[PDB]
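Chains as they are written, first to last, in the deposited numbering: chain A, 1 to 441; chain B, 228 to 282; chain C, 1 to 439; chain D, 301 to 350; chain E, 151 to 250; chain F, 103 to 153; chain G, 2 to 117.
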Amino acid sequence: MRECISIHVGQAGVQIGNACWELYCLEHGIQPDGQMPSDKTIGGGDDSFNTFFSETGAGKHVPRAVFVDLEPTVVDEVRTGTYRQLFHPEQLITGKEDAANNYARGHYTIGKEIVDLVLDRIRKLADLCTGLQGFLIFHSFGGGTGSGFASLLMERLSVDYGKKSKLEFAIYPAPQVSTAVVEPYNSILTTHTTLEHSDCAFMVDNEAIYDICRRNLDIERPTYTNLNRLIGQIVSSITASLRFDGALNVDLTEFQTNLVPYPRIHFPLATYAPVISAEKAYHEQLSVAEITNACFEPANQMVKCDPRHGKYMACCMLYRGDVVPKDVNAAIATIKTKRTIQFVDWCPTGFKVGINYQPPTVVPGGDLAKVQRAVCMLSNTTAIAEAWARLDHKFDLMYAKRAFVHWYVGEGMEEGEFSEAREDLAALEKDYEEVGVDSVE
Amino acid sequence: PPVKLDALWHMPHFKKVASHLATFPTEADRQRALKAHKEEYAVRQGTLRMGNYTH
Amino acid sequence: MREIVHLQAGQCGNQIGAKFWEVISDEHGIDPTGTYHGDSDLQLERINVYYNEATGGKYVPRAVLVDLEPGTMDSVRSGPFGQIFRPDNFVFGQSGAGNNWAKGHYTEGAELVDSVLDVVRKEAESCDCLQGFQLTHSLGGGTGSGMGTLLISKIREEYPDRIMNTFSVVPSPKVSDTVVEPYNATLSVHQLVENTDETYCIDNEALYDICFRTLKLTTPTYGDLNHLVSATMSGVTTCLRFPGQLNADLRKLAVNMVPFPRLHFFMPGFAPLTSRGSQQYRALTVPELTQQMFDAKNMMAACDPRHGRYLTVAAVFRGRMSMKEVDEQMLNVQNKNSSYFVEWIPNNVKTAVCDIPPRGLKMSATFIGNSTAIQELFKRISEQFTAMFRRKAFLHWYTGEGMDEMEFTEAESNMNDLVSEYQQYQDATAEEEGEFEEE
Amino acid sequence: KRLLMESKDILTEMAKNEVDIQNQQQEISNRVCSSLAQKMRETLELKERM
Amino acid sequence: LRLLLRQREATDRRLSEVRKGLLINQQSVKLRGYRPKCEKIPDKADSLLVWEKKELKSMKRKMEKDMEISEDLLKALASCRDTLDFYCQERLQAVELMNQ
Amino acid sequence: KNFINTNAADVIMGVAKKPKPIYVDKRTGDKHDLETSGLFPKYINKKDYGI
Amino acid sequence: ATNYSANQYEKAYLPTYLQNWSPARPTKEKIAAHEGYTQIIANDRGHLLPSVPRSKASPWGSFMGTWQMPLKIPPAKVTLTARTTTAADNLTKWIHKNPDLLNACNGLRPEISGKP
Ligand SMILES: Nc1nc2c(ncn2[C@@H]2O[C@H](COP(=O)(O)OP(=O)(O)OP(=O)(O)O)[C@@H](O)[C@H]2O)c(=O)[nH]1
Ligand SMILES: Nc1nc2c(ncn2[C@@H]2O[C@H](COP(=O)(O)OP(=O)(O)O)[C@@H](O)[C@H]2O)c(=O)[nH]1
Ligand SMILES: [Mg+2]
């Protein structure tokens with residue numbers, strides 16, 4: 001009955017989908033063909049896989065995912081790889097030419113050709129699903145496809161489906177390292193469009209994950225696979241309460257509702273704990289107090305901004321494994337009794353707690369050790385506003401000379417939209433200021 | 228000792244735009260709240276005067 | 001899918017494109033017959049980007065070799081990979097240009113242009129979704145500098161939105177082999193700045209210097225020059241031919257590399273260049289690759305970038321690496337030499353990674369940089385053109401073909417305004433806005 | 301020269317205002333806590349007669 | 151400039167003492183609410199506790215303004231110090247073969 | 103020429119390039135023009151329809 | 002054309018329970034009774050008579066394709082709770098800027114809730 005349909009867009013979307021779907025198949029017991037390991041009866045159950053997979057005639061399972069991209073090679077790799085016979089051919093949608101780091105190309109010219117086909121495929125998947133819980137949408141703010149076509153898909157998805165949740169996993173630009181020069185323009189223009197068509201977001205930048213992997217997992221030269229595994233672990237802990245039973249289960253709509261205080265503040269920051277290697281794991285007790293203390297370290301957030309530069313407004317907290325409510329409450333009380341963690345005034349009780357039984361599985365060839373208990377964290381705070389200020393800094397000092405804008409205009413987008421988007425981000429920053437203010441009369 | 232404490236540059240065109248969110252009930256509360264906000268600007272941390280107290 | 005049509009003009013174009021096709025044939029596993037004898041599957045998955053299918057499991061290159069004198073075409077056809085080219089694509093006149101740009105452009109190139117447009121239309125209509133054209137020529141000659149510009153001007157009109165690269169051989173001023181070289185250079189750069197997407201400026205003197213001091217060859221012939229240039233041309237589109245961790249291609253590079261349409265001249269470079277003992281003593285790593293890439297003795301143009309501000313920089317890496325080392329090194333090189341990058345563009349560097357290493361190697365990297373120091377070549381061309389065109393010397397050859405005199409004047413004017421806007425972007429300040437935000 | 305002239309006058313006031321505001325605060329609490337003892341003596345005194 | 155940073159931390163340490171004092175006073179009034187209703191009758195010492203609060207709020211201000219004038223001077227000290235070194239390299243640059 | 107002014111001036115004063123409608127028809131990229139395929143109404147609205 | 006009501010069985014036919022997860026057509030809950038018989042309002046081959054009135058809307062339905070929809074589609078969810086006085090106006094102007102989207106069958110019909 002539970003149902004999340006995946007709408008992964010872009011190169012980042014496709015690679016994150018590869019990691020997540022390998023994790024899901026290993027968790028549920030699927031083999032790379034798409035079969036159960038035996039010739040088991042369809043009169044048996046373990047139908048938990050129904051939240052992600054769909055049954056066919058032959059007793060085979062098909063994912064509820066639509067990898068979309070506008071360059072052929074990334075999806076040709078998944079067509080040719082080990083999981084080739086797992087995905088339906090018609091689900092993996094590609095295009096002949098890509099936007100090439102151009103939101104304008106990906107929004108008005110190239111995206112508008114493949115809007116209809118992917119909409120039809122999502123419509124068929126939603127037809128298959130019985131009680132649809134939500135749409136999970138993964139993309140980046142730098143790449144032209146994953147910015148422009150994702151924005152346009154969101155805009156049309158809001159029309160086609162008014163109520164349903166559209167969760168947003170996003171790759172935010174890092175404060176220092178960058179794989180692009182024009183990416184402030186994309187990262188400026190996509191958020192102005194998706195400000196009014198979005199429910200929750202989980203922006204992550206790769207620099208902080210680089211720091212976490214180099215500091216905790218003892219890998220001095222990891223690769224994007226090692227980041228994708230961590231992202232897949234985050235999504236797994238999000239959907240665990242849907243999949244398997246728990247002492248206090250929590251849907252998607254619950255932690256959507258208790259995380260967005262105002263209609264233009266929908267930007268939480270993730271956190272996972274513990275992330276430690278086997279050699280370190282052999283030496284440390286891993287208890288609820290330890291992991292919940294590690295979740296609040298400003299050296300563990302995968303967004304390069306310190307919560308000590310702001311105030312938390314909401315905190316969704318997701319425990320998993322061999323955990324006990326009494327110890328959870330003791331740990332949260334200890335967290336509360338600390339001045340280094342500061343809350344806003346109109347949020348006296350700012351926690352939403354969920355508990356799941358099954359420990360997270362371990363993928364062979366991964367990085368993490370096998371641990372009996374873990375925790376995910378989704379904190380909405382105003383310490384994100386400095387990141388928006390830095391993005392405005394870079395966008396303004398590029399936009400003064402009117403650089404790179406000939407590309408967009410020649411594609412066919414008006415130039416006043418640049419000014420309008422920058423003004424709306426200024427308005428959003430001032431909104432963050434106003435909700436950060438305290439009132440004492 | 229390097230002494231760095233400043234805000235990243237923004238163009239004066241995009242300034243002075245009013246906010247889109249109005250939360251406080253009355254402007255009488257708003258002005259007092261923002262006045263009290265201005266005063267801690269030498270003791271707040273990070274940037275944009277939104278941190279926790281220094282020390 | 002995403003095809004490239006290769007224009008080849010002049011003797012320079014023919015020899016360097018011959019080496020270029022040899023390099024890609026060895027990279028993709030092609031025998032002198034033309035068949036595929038490779039072992040890996042990725043070697044024949046996207047081979048349609050440059051090749052076309054022929055019966056017997058044959059692949060014919062998507063190349064157009066154009067020349068006004070038949071003597072070069074014989075050497076190209078009798079070379080090592082000579083018979084791979086389809087004979088109908090060879091297009092050649094019967095009379096040369098004599099290093100006369102006017103002869104190549106107006107009188108004699110006007111007859112070959114119809115047939116070569118027919119052949120390039122043949123090859124453009126063959127492919128389904130053509131990305132564009134990549135042309136190879138020299139500016140100090142008679143046909144590549146001459147009728148090559150006519151080709152560029154006509155096919156820009158016929159196929160506007162497609163991409164065009166030009167691997168132009170510019171004149172070195174320190175060493176030269178032609179007296180009338182400045183005239184052709186200045187009458188060609190105007191056509192380049194008006195109708196071209198990207199231009200890579202390669203200099204034979206720079207290549208000679210690199211072969212002298214880096215590879216330490218006793219005898220540097222033209223083969224090594226062409227091999228270096230062709231390695232660069234392969235490193236540009238390797239990410240289009242092969243999959244990687246972070247993909248990119250030519251339009252991505254152009255969009256993130258050209259801030260305004262007038263400034264499209266780049267200095268290229270190749271990272272792993274070592275001799276015998278150098279190979280023995282040197283461990284091929286990412287920081288060493290970045291260090292040698294940014295060493296100014298490694299550049300293959302004739303302009304030191306310690307005399308200019310690096311407008312934008314691109315690196316396309318080759319092999320299987322860890323992206324943390326790549327990004328850390330590029331942040332390090334951005335922070336250290338702080339003054340050498342313009343300040344009104346944060347993160348002036350654009351990166352790409354392709355998995356397949358070049359054949360014979362475990363890692364490699366390619367640099368494409370736009371800096372203002374490239375105006376050092378236009379200043380030198382303009383001075384040597386002033387000294388010549390002042391006295392109306394060698395002018396009867398050009399004016400006998402039927403051109404007027406104001407063409408030199410307007411070419412020099414446009415060249416001068418190009419370098420003027422380059423210096424305006426040179427001495428530009430970031431924390432300042434005016435004259436456009438008055439509204 | 302100008303900032304050096306400006307600095308020395310400024311630095312003394314920061315040190316001078318530091319000690320006085322430290323000194324004033326301790327005077328506030330001693331007088332205030334004395335009155336609480338002054339309320340204690342009367343309540344103990346009335347308790348005797350009760 | 152170096153002297154100013156320690157004068158900056160010296161005053162900020164006192165600002166916590168001003169802040170700690172404001173908690174001490176408000177803590178006491180809560181305990182002053184614990185007394186039974188016979189003792190709950192307001193007295194003169196309650197006015198003194200209110201008198202302590204107004205001062206600490208006003209003493210908070212002088213230390214608040216203490217640092218705001220400290221910051222603006224401290225930035226101007228940096229820029230002059232910055233450009234002074236910048237200008238030094240200009241004249242030092244033509245003596246590079248000299249002893250200097 | 104104050105090229106920084108002119109380059110800004112050419113961008114700000116101008117119009118977009120209108121894209122022609124194109125639709126993709128298959129799980130791999132297949133661009134087709136939309137105004138002649140018969141998906142767009144075209145002939146029904148124009149002309150002396152029914153006369 | 003019309004969507005009737007299965008009365009006590011209308012729970013089985015509701016759009017979400019039929020796995021149609023989108024905006025759906027409304028259902029006529031009450032039926033009125035007509036007395037007497039019916040006049041003829043069309044010629045042969047279904048031509049409406051000169052006297053009978055006709056609707057003025059489009060005779061070919063109302064679909065809006067991708068290349069016909071506006072470039073800035075406003076959201077369905079409009080919740081004017083904490084918005085300022087002008088900001089609620091500006092969003093509402095964006096809602097009502099394009100009447101052809103609202104009248105379109107595929108077009109959005111947004112709900113507006115709260116006030117500044
Ligand atoms: N964490 C993570 N980030 C990625 C991954 N792939 C790409 N990115 C980020 O995405 C940004 C650019 O978007 P891409 O996904 O690379 O490319 P795209 O989304 O297809 O957009 P186009 O290239 O214009 O077609 C880069 O800055 C990368 O840092 C990935 O696999 N993992
Ligand atoms: N780098 C390089 N330069 C070359 C090559 N062949 C010729 N040149 C240079 O090109 C110039 C002559 O070009 P030219 O033959 O006149 O061009 P054409 O008249 O169009 O055929 C000479 O200065 C040579 O140094 C080559 O294979 N590589
Ligand atoms: Mg891409």
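Backbone N, C-alpha and C define an ideal beta-carbon position, used for all residues, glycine too.
Coil, strand or helix - residue i by DSSP
i, result
"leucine 86 of chain A", "coil"
"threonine 312 of chain C", "strand"
"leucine 23 of chain A", "helix"
"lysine 124 of chain A", "helix"
"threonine 138 of chain F", "coil"
"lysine 144 of chain F", "helix"
"residue 125 of chain E", "Within the shown structure, residues of chain E are numbered from 151 to 250, placing residue 125 of chain E beyond reach of any answer."
"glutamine 272 of chain B", "coil"
"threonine 271 of chain A", "strand"
"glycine 171 of chain E", "helix"
"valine 245 of chain E", "helix"
"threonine 199 of chain C", "strand"
"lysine 112 of chain A", "helix"
"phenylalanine 133 of chain C", "strand"
Beta-ladder partner(s) of residue i, from DSSP
i, result
"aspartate 67 of chain C", "C:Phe92"
"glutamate 168 of chain A", "A:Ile137, A:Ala201"
Beta-carbon spacing of residue i, residue j below 8 Å
i, j, result
"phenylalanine 202 of chain A", "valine 9 of chain A", "no"
"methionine 238 of chain B", "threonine 382 of chain A", "no"
"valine 78 of chain A", "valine 14 of chain A", "yes"
"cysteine 295 of chain A", "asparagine 258 of chain A", "no"
"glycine 131 of chain F", "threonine 94 of chain A", "yes"
"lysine 120 of chain F", "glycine 412 of chain A", "yes"
"residue 443 of chain C", "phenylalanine 85 of chain C", "Residue numbering for chain C in the displayed model covers 1 to 439; residue 443 of chain C lies beyond these limits and cannot be assessed."
"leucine 70 of chain A", "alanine 104 of chain A", "no"
"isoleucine 291 of chain A", "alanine 374 of chain A", "yes"
"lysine 252 of chain C", "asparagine 101 of chain A", "yes"
Where the beta strand (DSSP E) containing residue i begins and where it ends
i, result
"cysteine 295 of chain A", "Where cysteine 295 of chain A is concerned, there is no enclosing beta strand (DSSP E), although the alpha helix (DSSP H) it sits in stretches over 288-295."
"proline 61 of chain C", "58-61"
Endpoints, the alpha helix (DSSP H) within which residue i is located
i, result
"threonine 381 of chain A", "Note, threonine 381 of chain A: premise wrong, no alpha helix (DSSP H); beta strand (DSSP E) at 373-381."
"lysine 350 of chain C", "Segment 349-354 is the beta strand (DSSP E) holding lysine 350 of chain C; no alpha helix (DSSP H) there."
Contacts that residue i makes with chain I (C-beta to C-beta distance below 8 Å)
i, result
"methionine 398 of chain A", "As a matter of chain content, chain I is missing from the structure shown, whose protein chains are A, B, C, D, E, F and G."
Closer than 7 Å: residue i CB and nearest ligand 4 heavy atom
i, result
"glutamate 27 of chain C", "For ligand 4, the structure offers nothing, since it holds only ligand 1, ligand 2 and ligand 3."
Whether or not the stretch 24-38 of chain C and the stretch 363-374 of chain C are in contact is what I'm after, with contact meaning three or more pairs of Cβ atoms, one per stretch, closer than 8 Å; do they touch? no
Specify whether the stretch 253-272 of chain C and the stretch 193-200 of chain C touch according to this definition: at least 3 beta carbon pairs, one from each stretch, less than 8 Å apart. yes
Could you tell me whether the stretch 319-332 of chain C touches the stretch 221-236 of chain C, using the rule of 3 or more Cβ pairs below 8 Å? no
Inter-stretch contact at 8 Å, needing at least 3 Cβ pairs: the stretch 304-319 of chain C / the stretch 396-413 of chain C: no
Segment contact flag, the stretch 377-392 of chain A with the stretch 161-171 of chain A, C-beta cutoff 8 Å, min 3 pairs: no
Per the contact definition of three or more C-beta pairs closer than 8 Å, is the stretch 212-232 of chain A in contact with the stretch 311-325 of chain A? no
Take every Cβ of the stretch 338-345 of chain A, pair it with every Cβ of the stretch 239-247 of chain A, and state whether three or more of those distances are shorter than 8 Å. no
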